[PDB]
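What's counted below: heavy atoms across the whole structure, side chains too, no hydrogens, waters or symmetry copies. Chain letters run A, B, ... following the sequence lines, proteins first, then strands; residues in each count from 1.
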There are 4 protein chains.
Amino acid sequence: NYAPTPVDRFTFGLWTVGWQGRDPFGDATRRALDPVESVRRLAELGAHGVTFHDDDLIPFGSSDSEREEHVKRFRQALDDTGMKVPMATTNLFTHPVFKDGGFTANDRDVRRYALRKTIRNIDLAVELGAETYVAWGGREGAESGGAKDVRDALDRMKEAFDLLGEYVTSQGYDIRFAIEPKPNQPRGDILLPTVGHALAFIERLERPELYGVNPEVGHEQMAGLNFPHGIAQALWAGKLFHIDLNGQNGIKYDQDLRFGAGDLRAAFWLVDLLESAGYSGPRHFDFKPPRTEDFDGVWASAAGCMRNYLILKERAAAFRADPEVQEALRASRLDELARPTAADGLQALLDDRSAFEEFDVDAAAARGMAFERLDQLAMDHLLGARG
Amino acid sequence: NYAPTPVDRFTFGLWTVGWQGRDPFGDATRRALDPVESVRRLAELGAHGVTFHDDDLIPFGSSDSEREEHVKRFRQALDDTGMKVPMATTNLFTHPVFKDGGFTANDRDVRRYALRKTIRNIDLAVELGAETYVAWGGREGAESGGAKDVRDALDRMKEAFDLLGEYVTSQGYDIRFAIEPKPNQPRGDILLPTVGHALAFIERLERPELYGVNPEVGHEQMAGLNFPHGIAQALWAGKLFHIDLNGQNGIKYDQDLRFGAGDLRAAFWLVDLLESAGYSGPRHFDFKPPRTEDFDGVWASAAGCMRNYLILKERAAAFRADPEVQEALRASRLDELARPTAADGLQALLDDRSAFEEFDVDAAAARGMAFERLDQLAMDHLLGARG
Amino acid sequence: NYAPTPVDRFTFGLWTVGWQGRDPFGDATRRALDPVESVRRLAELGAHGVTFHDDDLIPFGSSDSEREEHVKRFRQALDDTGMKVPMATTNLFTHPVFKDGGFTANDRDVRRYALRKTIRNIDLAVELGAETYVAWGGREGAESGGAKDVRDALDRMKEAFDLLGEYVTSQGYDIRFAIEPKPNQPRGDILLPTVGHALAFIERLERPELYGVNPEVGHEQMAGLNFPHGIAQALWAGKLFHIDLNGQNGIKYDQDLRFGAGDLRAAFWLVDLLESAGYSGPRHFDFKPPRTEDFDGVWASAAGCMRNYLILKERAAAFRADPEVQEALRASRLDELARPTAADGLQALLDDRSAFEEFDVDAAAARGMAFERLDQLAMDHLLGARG
Amino acid sequence: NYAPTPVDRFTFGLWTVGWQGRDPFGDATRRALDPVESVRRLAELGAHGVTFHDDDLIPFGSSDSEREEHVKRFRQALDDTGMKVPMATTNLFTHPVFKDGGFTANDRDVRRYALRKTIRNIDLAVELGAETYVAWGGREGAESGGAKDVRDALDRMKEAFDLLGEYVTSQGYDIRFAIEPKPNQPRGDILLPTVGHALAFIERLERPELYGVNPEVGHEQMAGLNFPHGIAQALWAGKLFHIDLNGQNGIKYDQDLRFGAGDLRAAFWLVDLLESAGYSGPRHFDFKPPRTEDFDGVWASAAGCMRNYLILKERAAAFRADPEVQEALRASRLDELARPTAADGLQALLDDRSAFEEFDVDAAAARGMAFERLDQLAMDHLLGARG
Ligand SMILES: [Mg+2]
Ligand SMILES: [Mg+2]
Ligand SMILES: [Mg+2]
Ligand SMILES: [Mg+2]
Ligand SMILES: [Mn+2]
Ligand SMILES: [Mn+2]
Ligand SMILES: [Mn+2]
Ligand SMILES: [Mn+2]
Ligand SMILES: [Mn+2]
Ligand SMILES: [Mn+2]
Ligand SMILES: [Mn+2]
Ligand SMILES: [Mn+2]
Ligand code: NA
Ligand code: NA
Ligand code: NA
Ligand code: NA
Ligand code: NA
Ligand code: NA
Ligand code: NA
Ligand code: NA
């Protein structure tokens, strides 16, 4: 049951199942995986595709001949399996040169290098067929207040993204960018810390249509925010270009648990929203099998990501299709929420005594919302406990 | 020392010093204050002005004659003291009718009433000379996932703000709106939970120039965010129309401590930013004297808000003016952060071997940022411990 | 299905279903309930009993004749329904006199009054058959560092609890005390903020056997802690005298959602633990139907508390009984965790070369824990998705 | 000014200034330091001593001859500088063998090895003169609910600490143990997550007098707790055997900022408490110079730890010595908090009409606490802004 197929568009970063287990306090617990291995194993589980940072696919500092051979082997694995590469990204965080940032490093020479490193990988992403190019500015930020003038940093961040937009336009590429917010870690505070901040920033770019967000479940939850709500705002803005799925237990370091772990009910409401809205992008997992696991546990954890999505999809669909739930949604006036407040226009509203002088506030206030019965129907559907 | 004067533009909500002390678990500990009392006492402390919700000034349900008398007494107090009213707002949260929201209530009749209540108070705000009209949508949100379709709610929120913009335009008013984000409380999750989400929303309004943000120190800190960083993004966007100053100890219920309490170093960096950027708006305190206090403690707490701002202003100015700090800022390359990455343009960057093939990443990575010495100079300045 | 019976020992505070909906920002949305109404309605839902603060049952300041009549009516309702009263507590938080605390108020006269108020209610609790007397010191704490010397406050808190222990001993009562931790709210920080702090404090009382903890799901989660882990430590100490069940979404104000809401997987692991350990006390709900609800929603929310416990009980039992899970637990060495490390004793351990010189650390480190497969079996059982 | 001397008992872990800068997302930014270098540089800054994990001083897997040479060089550096070694600890977290724990690993063979590794290092600690042996069980815990039976794990943790107590007793050593709590990171949840949980656990050990706590500023703040309050409870229990000083910005990953950074006012109240209580142990810094820094920044950050302690010590002493503050403390009834509630005894309290029938609750409730004026005096003293 719940068997994923490539139809489901489940994708995984090479760095997810390939995470060797080094953490702030601990050495690696697993050997490095050859990307070819990961492609073949993920395909066997029913994944649709993989994603990569430049330096996951091509060791940093590789010669041109080494680069070609790494890409050739990877492409053979993709061809052997039918796996796709819908998204790629740049590693602008691991190498010590990026310790104060890539695009917003105080040192101008580093900012220029970061751009050149990204541009090289955009070309590769396009060659591999990627539709989306993600940017996670994990080093953009500060541990202290004097270290980073945020207005200046936002100017530099806009300059960088504008140059990248000029680049893809000039090359006729169809790829689009997706900015991945995170509130903190590894920097004390990261610039563009939430979906909202990233959406707002995009509106100030020179070609805003080329940029959207890549929200990650656990990152919004590191600020204690409601991930489904943030996804709804991104969808409302037309900016949900990609998504990172995982689990998180609240306000902690970024745990990258398998999807469905962490906040299970938020996972349910997320899947309900994505499916109801017809989100058509990859269902991408940015997760880490815990370092307690051997490779069998790696593949079990990856399989669990997809399984949990599919269980939740089934339960959310059953919730929405249940005539009792539809009745409860009407009892709670969800239908009214979807209707304009004043399609009659401002003057009609101002002239409408039913909206003021003759509005019976106490009668209105007496009406219960019936939200608890609705939510218990949702719980019963999630748990398969209807009756 | 540190004596406030009206020049400093310190303002207070009537509901701040007037908070009677009722909390989720406790009855009022102080009697209600007459707004006239608050105006006169705040003036004696050196405040510049006050702000109000409609229902702080005019008891809910007042007749037209009662409304006129309350306003007349208030205006006499303002005239007697020289106090100004730079901002007003609507109470769309206390009355039970607003239990599921004002502008985004599921019930359409409530949404219409909320708009009419706001419009009535915009007229009053203009009559009292207010430049800014704040909206804190404290009831907009949900405790459960099925209760609120966030895309539909954002449609309703946009409709409401668009109607208000049409209203002020049609009346020729110069007032502008400032949306106040909060992540949660009293709703389980509040819509537009951070400065970023509010900034992003504004960009989708029909007349975006009429709307900005009213960020509150403690509200961003309830999501664990960096308040100075968020203010910097608002300033970068040209949207810091007003600000609410207070203190908060991290991820808790909204404490509304006096300004300077809570995160003291964030208060320092905030004042540094506001003063450096030349923010010209009110320095408004949205705080609550703790319910442990009698009225002498109320006025002590209000005086402390202003005193702490002025101490921090002095220390931040001394930091920025210190030649040793200026040297440290250059050592940390803050000057370079402010210079364009690639004013030479994209093609020149692509052709620049110093940005890629000839960039010595290891030499760059070896350079220390000297951020710790800079931050210790900042600490020494804050504490008045230079030497 | 999942129909509660009095056998299940589900209990509710009068103040739960009776919460009128006043919050930090909002007036009551529901009328007050007569305790008799609540007893009868809860009995109809299959509850076993109720609990009370003194001032929930007897209006503060009642005359002796009024007190007798309130108790008489309540006892008739209990007799009419078969409902029990297993626990009672004192309200040492609502009245303004308790604004700085009850037992740890700085004012000695208030501390003495708090003790007398508690003692009066202990007598009533015993008359009603209560086995446990809870103490939630919600006002014990501070908003500022100078206001409360915590060592002195702990001396006063110990003195108070020691006097209460002397009292019940002197009267020959069998009741025992259960201290309810909370980290913050309504005080900026509350004394004894977690299960651990309360357990540690109890060990320093003169008659430690008379005192245990009353942990509340949401309170530990307000510190981001693992509630099942804390319950395990309380059970390990022999101190889980009572429990408060509800839901919470992380680090926020105390939401008191119905049980099962909030962190659903933590609710699953909690029920698994309570049932596996044979916890024999009340399954008490300290929750608040949201203020959006009318009375039908109140009773739906209360019914949902019990329903969710029973669903989770079924799923946890099925998990533990599944031979595949039992195999996975052995694969993950849960059996070994339960066996002594060194029943052979210290000298044998020191002499055992297999524990040091001949321990193959790399072979040990290569063994995977298989925790992800175990956790996915747990997820499948919770969701009823085995297959 | 504020120049540290060995008199001040400032100590640093080798792993603090020696942290190479590897984080969850980034490679090392600094070369490894020879412990001899760190001892000499710290001495030059005015430190009193250093501390070590076994594997900071002796590379893991060293031969007996290598071990002797590393220790000999270290002891020469200590002798050359006058630096002391007051505390040592075991690394039971870095090596992959400890991925599920040391003392509470599910695998019994690992638990036995962890004990043997600790015992070997206790012998070395004693030889170097350490008074305290710290245990930070960073790997004790879980990412999933089924992986770790917490009651069984607590049994294993007690067994381990009891064996260590038997060991030191049998050898006649005067060293004592200090358990360091942390709520999470690197495990999803760590056992003994707070000072309270550790204090409670200690009470159940066979020789409780041999064990205390080593609380760390940032670790309690990762649960949003009040660090000074927790230190007060540890002092009240007689269990503050050692302390780790650093800074943290709230509920995040463990930042290990220099002391004084993070929550500055909590740092002030901590120093006030330690000095007022006469804490006589090391003022130990467990911090990490940010990876942005070169070695000059490492030493600046270490110097800043000590400087900030000394500034705060001065300001707290001035606060306590100020006759205006002493008056404010009396106005706020801090003197009364320190006096017994009922030294007259239970019967006298029960017979005292002034404690009940004749207690004027409304007159008591009208008295203000004057906590805000007290706290503003504290702020003025911290900032050196009295006047
Ligand atoms: Mg629709
Ligand atoms: Mg500039
Ligand atoms: Mg067992
Ligand atoms: Mg004393
Ligand atoms: Mn992540
Ligand atoms: Mn991601
Ligand atoms: Mn607030
Ligand atoms: Mn505000
Ligand atoms: Mn609660
Ligand atoms: Mn409770
Ligand atoms: Mn730490
Ligand atoms: Mn430490
Ligand atoms: Na700039
Ligand atoms: Na979209
Ligand atoms: Na709509
Ligand atoms: Na602005
Ligand atoms: Na005392
Ligand atoms: Na127990
Ligand atoms: Na056991
Ligand atoms: Na002590």
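- Neither the backbone nor the side chain of A:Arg30 comes within contact range of chain D; no heavy atom of the residue lies under 4.5 Å from a heavy atom of that chain.
- Note that the NZ atom of A:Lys252 and the NZ atom of D:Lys252 stand 14.0 Å from one another [nearest 0.5 Å].
- The parts of A:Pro186 that come within reach of chain D are both its backbone and its side chain, each placing non-hydrogen atoms under 4.5 angstrom from that chain.
- In this structure, the portion of A:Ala28 lying under 4.5 Å from any heavy atom of chain D is its backbone and not its side chain.
- In this structure, D:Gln185 and A:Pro24 approach most closely via the heavy-atom pair NE2-CG, 3.7 Å.
- For the set D:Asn91, D:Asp100, D:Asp27, the entry with the most heavy-atom pairs within less than 4.5 Å of chain A is D:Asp27.
- No close placement of the A:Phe25 and D:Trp15 rings is indicated, their centers lying 6.0 Å or farther apart.
- Side-chain contact check for A:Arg187 versus D:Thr292: some heavy-atom pair is nearer than 4.5 Å.
- Here the CG-CG distance, from A:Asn184 to D:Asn249, works out to 9.5 Å after rounding to the nearest 0.5 Å.
- Listed options A:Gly138, A:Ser144, A:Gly188 were ranked by heavy-atom pairs under 4.5 angstrom with chain D; first place goes to A:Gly188.
- Taking both residues in full, the closest heavy atoms of A:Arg291 and D:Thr94 are given as NH2-O, 3.8 Å, listed atom of the first, atom of the second, then distance.
- Contact record, D:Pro290 with A:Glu143: CB-OE1, 4.2 Å, taken as the closest heavy-atom pair.
- From D:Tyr253, atom OH reaches atom CD of A:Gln255 across 15.5 Å, with rounding to the nearest 0.5 Å.
- Salt bridge status for D:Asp23 with A:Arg139: present, with a side-chain N to carboxylate O gap under 4.0 Å.
- For chain D, no part of A:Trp19 is nearby; none of its heavy atoms comes within less than 4.5 Å.
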